[PDB]
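Structure first, commentary second.
Read the figures in this text as sums done on the coordinates, not as results from a lab. Cβ placement follows ideal geometry from the backbone for every residue including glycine, while neighbour counts extend to all protein chains displayed.
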Amino acid sequence: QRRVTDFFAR
Amino acid sequence: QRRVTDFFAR
Amino acid sequence: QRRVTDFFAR
Amino acid sequence: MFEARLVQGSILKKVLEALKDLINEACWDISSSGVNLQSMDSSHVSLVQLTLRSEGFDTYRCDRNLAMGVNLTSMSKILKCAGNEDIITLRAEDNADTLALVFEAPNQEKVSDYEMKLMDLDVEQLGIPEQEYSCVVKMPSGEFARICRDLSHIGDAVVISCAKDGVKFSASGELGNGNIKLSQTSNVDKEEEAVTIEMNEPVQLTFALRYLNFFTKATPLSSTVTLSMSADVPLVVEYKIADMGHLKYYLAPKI
Amino acid sequence: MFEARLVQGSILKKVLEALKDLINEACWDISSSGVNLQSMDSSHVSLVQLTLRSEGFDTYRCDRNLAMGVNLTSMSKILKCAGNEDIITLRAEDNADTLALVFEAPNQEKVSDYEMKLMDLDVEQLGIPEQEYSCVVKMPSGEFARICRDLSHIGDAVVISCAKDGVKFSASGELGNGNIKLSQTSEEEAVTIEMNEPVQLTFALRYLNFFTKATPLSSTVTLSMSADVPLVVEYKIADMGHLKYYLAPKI
Amino acid sequence: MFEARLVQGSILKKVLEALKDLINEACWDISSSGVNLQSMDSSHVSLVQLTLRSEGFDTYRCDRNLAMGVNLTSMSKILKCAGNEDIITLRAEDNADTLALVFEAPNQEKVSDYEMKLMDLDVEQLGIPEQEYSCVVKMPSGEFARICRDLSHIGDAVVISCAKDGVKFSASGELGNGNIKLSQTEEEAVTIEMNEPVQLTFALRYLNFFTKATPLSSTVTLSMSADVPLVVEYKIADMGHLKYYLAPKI
C-alpha cells in the first residue's frame, strides 16, 4: 500500500 | 433529581 | 436426550 | 372467578411492551370497575398508572377483587406468543396462584393457551391526587418520541419550557446543545396531528431523558400524548388507550 | 467433468441458509440421478438429508460420481455474493479438488465467477429406509416456525401430541407453561393429518429452531412421527427435491 | 458572518454519513464560491474532497473566507436530530468559535436549533490537480457497493482491470477467489471512456468506507491511471460532488 500523501503534496 | 417517594403517600 | 445414530448405520 | 375477553388482543401486547422494560414485577388490581396497575420503577423516580375500564372489554366477569402479582417479563414473553389479530382472554381462579391467557386466532386452525405462575406482592400503591395543572400540552405521540430520542444524542436531561405561543425542549451536552420549539397549530388536516396548550401560567422544569425514553415505548398505544406540568411537581405523560383506558407515566423533576 | 445450471439460483442460497448454521462440513454426492447430501450435526442428535433430482436442473452433466467435501460456511459466504434472480452454475473439474460457481445476472454484462477449495470427507452415510409412520401432519411451514419459536420463550422441549381432530404442541418452563392446538382444516394454508394411531413425543426446541431455517424453501412442511423413533421434518423443494431433518426423541 | 440555507436538508445528513466514519475532525473552507472540505483519513492512504457550490444553496451569504474546524462525529450526532424533509440552515458568527445549525420542519410548525463548538485546524491541504485519466467507468452506485461488499467476504484487496469491452473486479482469499465482470451497456447504464488498459490493486477495507456515499447518487464514476490514485466520484446532483482518492499497491 502506497500513501496518497506520496502522489500529491501541499 | 428529587424522587416520587417524596411527592405522594400510602 | 437420545441419539439419531441409534436407528440407522453404514 | 375473574374472566375478561379482549377482541383487539394487540392492545394488551402493546401495553406490556411499554411496561416490561421499566418494571419487572407489578400488582394488577382486578375489580368490577376493571383492571388497575400502579408501580414505581426500582429507582423510585418514575411511576406507572395503567387503567383498563371493564367497559372496554368484550366480556368481563369479576366476583371478588383480586391483587394478582405478575412478573411482567414472564407475561411479555407469553404475549409475544399471541398474533396481532388474536382474541386474548385472561382467566384467574380467585382461589388460585396462577393466571391463564387464551389466544384465539380470529380466522382459522388454531388456539394458543398459556398459564403463568403469580407471586404474592404487598405493594404500597401511592395516592396521586387529581390537580389543576399549570400547563397541558397535547401533541402527536410520534413527535414527542422523535424529540426525546433526538435530545438523547445531546444531553442527559431536557428542560421543558411552556408558554401560550408554544413549548420548548432544551438539552446541553459535551458536543454542543440544542432547542426544539413546537408552536400551537390551527391549520392541520388531522385532529391528532395538532399541537395545543391549555396554559394557566408559564412552567419550566428539568427531567432525566434516560426515563422519558422508556415512556415513549407507549408511543404505539396512541395518536397523541398529553404532558401535564406544574412548578416543582411531577410531569404526567398520559397515553390515551382509545375506548378502553389510559396509561399515565409520572416523572419527578430536579433541584 | 460435472456441470449443473439452476435458473432459479435463490433455491441454492435458501438451502445453504438452512444447513450452514447446523453443519460446518458436509460431503455432496454427485451422480446421474442428481445431488445427495446427508450429514449429522456435531452432537449426533439431528440428521439432514438433502436430495436435488438432476431432472429439476436446467442443465445437468456428470460423467463419474463425485464426493465433493465442502465447508458449508465457506460456500454460504460465496452464495451471499449471488443475487436472488441470478442463474447459478456449479462446475467441478473431476481431476480437480476445487468447485467453481458462476452467477449470471438474468440480463447480460454482469457475471460473478467464484472458485472454492474442496476437502477429503468420509461419506459414511446412515441407512434411513422409508417407512409407514403413525402420524403425518402437513401444515403451513410459517405456522410451524411461528409455533417452534413461540414455545422457545416458554421451555427447552416441546411435547407434540397428535389425534384425528388436530395436533397439540406443549411446553413447560420456569415462568409457566403453554399449549398450541392446531385443528385439521377443509390451499397450502391447510392443516391435514394422515393418522394410523395417536402419538405423543418430546423433542428439544434448540434443534427444531435450526430446522425452521428451511421455512423459506416451502409453502408447507410435513411432520412424520412414530412411538420412540425420530421425527422427520420434510420441507418440499418444489419440482426439484426435498430437505428432510431427523430429530431423536427423549426418555 | 456566514449563513447558508439548504432546502433539501437530507443532502447534508447523507454527506456527514459518508465522512464521519472515515475522518473525525475536518476543516470546512467557506468562501463566495461555496463550501470546500478536503481531509485525509488518519492513515494518509485515502483522501476526501467535498465541494458544494454556493449557487446550489437556497440562501448563501459569506463576508470573508472562513476555515471552520468541525469534529464530524459531533456534527453527525446533531444532523441525526434533523428530519429528512427538514430545511437546514448553517450560521457561523465570523467573530465566534461556534457554528449554529437550524432545522425547520417544512410541514410541522416545529423548529430544532443546535449550536456546536468549533476547533482551530490547519486548512493548508493537498493540491490534487485535474487530469486526463487512462480509464473512466460510470456505473450504478448501488452495483459498485454490491460488488465492493461481496468481494470483502473473499479477500482484503481487489484488483480492478479495465478494457474496452468491460471492467473486472478480482479478489483472492483464504476460502477461495472470485471475479466480477461488468460489460458496457440513463443511470442503470455501465459505460467506459478508455484511453488505454489499466489494472490496479486497492484495499477493500477503504472502498467499503467510500460506498457509504452510495445514497448521494444514482451513479458513481471510477477514474484510474497506471500507478496513481483511484478517484471514486459521487455526484451530488445540481449542488457539487464528493471525490474519494485511494492509493494503489506494490
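For segment F:54-100, what does the alpha-carbon gyration tensor say about shape, rounded, prolate or oblate, given a ≥ b ≥ c as the root eigenvalues, a/c under 1.5 as rounded, and a/b over b/c as prolate? Before the final figure, lay out each step's value.
Numbers: a/c = 2.29, a/b = 1.19, b/c = 1.92.
In terms of gyration-tensor shape, oblate.
Order these by the 10 Å Cβ neighbour count, fewest first: D:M1, D:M229.
Details: D:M1 13, D:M229 23.
Ranking D:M1, D:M229 by Cβ neighbours within 10 Å, fewest first, gives D:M1, D:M229.
Divide the volume of the convex hull of the Cα atoms of segment D:31-83 by its number of residues and quote the answer in cubic angstrom per residue.
Working: hull volume 6.3 nm³, N = 53.
That works out to 119 Å³ per residue.
Going by amide H atoms built from the backbone, whose H comes under 5 Å of the H on F:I236, apart from near neighbours?
Those qualifying (amide H under 5 Å, at least 5 residues apart or on another chain) are F:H241, F:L242.
When every alpha-carbon pair in segment F:107-172 is counted, what percent end up more than 15 Å apart? Show your work: numbers first, answer last.
On the way: 1587 of 2145 pairs.
That tail contains 74 percent of the Cα-Cα pairs.
At D:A163 and F:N24, where each label point lies 7 Å from the Cα along Cα→Cβ, what is the point-to-point distance in nanometres?
4.0 nm
Mind checking E:178-185 for the average number of partner chain beta-carbons within 10 Å of each residue's beta-carbon? Could the numbers behind the result be given before it?
Working: counts 10, 6, 8, 5, 5, 4, 1, 3.
Partner Cβ neighbours, averaged per residue: 5.
What order do you get for D:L50, E:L208, D:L16 when you list them from fewest to most C-beta neighbours inside 10 Å?
Values: D:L50 23, E:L208 26, D:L16 19.
Lowest count first: D:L16, D:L50, E:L208.
Any idea which of C:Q1, D:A231, D:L90 is furthest toward the positive side of the dipole for the protein assembly as shown, if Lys and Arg beta-carbons carry +1 and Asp and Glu beta-carbons -1?
Toward the positive end, the furthest listed residue is C:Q1.
Which links in F:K20/F:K212; E:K181/E:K244; D:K14/F:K77 stretch past 21 Å when you go from one Cα to the other? Each step should come with its number before you reach the end.
Values: F:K20/F:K212 10 Å; E:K181/E:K244 24 Å; D:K14/F:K77 30 Å.
With Cα atoms farther than 21 Å apart: E:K181/E:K244; D:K14/F:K77.
Which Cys in chain E stand alone, with every other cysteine's Cβ at 4.7 Å or more from theirs?
Here E:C27, E:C62, E:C81, E:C148 come out as lacking a disulfide-compatible partner, given the Cβ-Cβ threshold of under 4.7 Å.
Relative to the longest principal axis of chain D, what angle (0 to 90°, nearest 10) does the C-alpha long axis of helix D:141-152 take?
With rounding to tens, the tilt is 60 degrees.
More than 20 angstrom separation, counting every C-alpha pair in segment D:82-139; what % is that?
Details: 954 of 1653 pairs.
Value for segment D:82-139: 58 percent of Cα pairs lie more than 20 Å apart.
To the nearest 10 degrees, how steep is helix D:10-20 against the longest Cα principal axis of chain D, on a 0 to 90 scale?
60 degrees
How large is the direction-averaged shadow of the alpha-carbon convex hull of the protein assembly as shown, in nm²? Show your work: numbers first, answer last.
Working: hull surface 164.3 nm².
That works out to 41.1 nm².
Could you state the number of Å between the C-alpha centres of segment D:8-49 and segment D:189-205?
Their Cα centres are 27 Å away from one another.
With each run of n ≥ 4 DSSP H residues scored as -39500 (n - 2.57), what mean residue ellipticity at 222 nm is computed for the protein assembly as shown after dividing by its residue count and rounding to the nearest 500 deg cm²/dmol?
Here the helix-only value at 222 nm equals -4000 deg cm²/dmol.
Fewest first, what order do F:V190, D:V195 take by the number of other Cβ atoms within 10 Å? Let's see the in-between values first.
Values: F:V190 18, D:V195 21.
Least crowded to most crowded, the residues run F:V190, D:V195.
Nearest 20 debye, what's the magnitude of the dipole of chain F about its Cα centre given +1 on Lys and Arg Cβ and -1 on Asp and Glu Cβ? Intermediate values should be presented prior to the final figure.
Values: 23 positive and 36 negative charges, 136 e Å.
Approximately 660 debye in magnitude.
Over the whole of D:161-169, what's the average partner chain Cβ count within 10 Å per residue? Rounded to a whole number, please.
Values: counts 0, 0, 0, 0, 0, 3, 1, 2, 1.
So the per-residue partner count for this stretch is 1.
Which values, in whole Å and largest first, are the semi-axes of the equivalent ellipsoid of chain F obtained as the square root of 5 times each eigenvalue of the Cα gyration tensor?
On the way: eigenvalues 246, 70, 59 Å².
The three semi-axes for chain F are 35, 19, 17 Å.
Looking at segment E:106-251, what % of the alpha carbon pairs are farther apart than 22 Å? Display every interim value, and only then the final one.
Values: 4943 of 10585 pairs.
Summing the P(r) tail past 22 Å for segment E:106-251 gives 47 percent.
Quick check on segment D:1-92: take the gyration tensor over C-alpha atoms, sort the square-rooted eigenvalues as a ≥ b ≥ c, and tell me if it's rounded (a/c under 1.5), prolate or oblate.
Oblate shape, in that a/c is at least 1.5 and b/c is the bigger or equal ratio.
Express the C-alpha Rg of segment D:181-227 as a ratio against the empirical globular expectation 2.2 N^0.38 Å, rounded to two decimals.
Numbers: Rg = 13.1 Å, N = 47, 2.2 N^0.38 = 9.5 Å.
Its radius of gyration relative to the 2.2 N^0.38 Å reference: 1.38.
For segment E:71-200, with only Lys/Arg (+1) and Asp/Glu (-1) charged at the beta-carbon, what is the dipole magnitude about the Cα centre, in debye rounded to 20? Write out the running numbers ahead of the final one.
Values: 11 positive and 24 negative charges, 135 e Å.
The calculated dipole for segment E:71-200 is roughly 640 debye.
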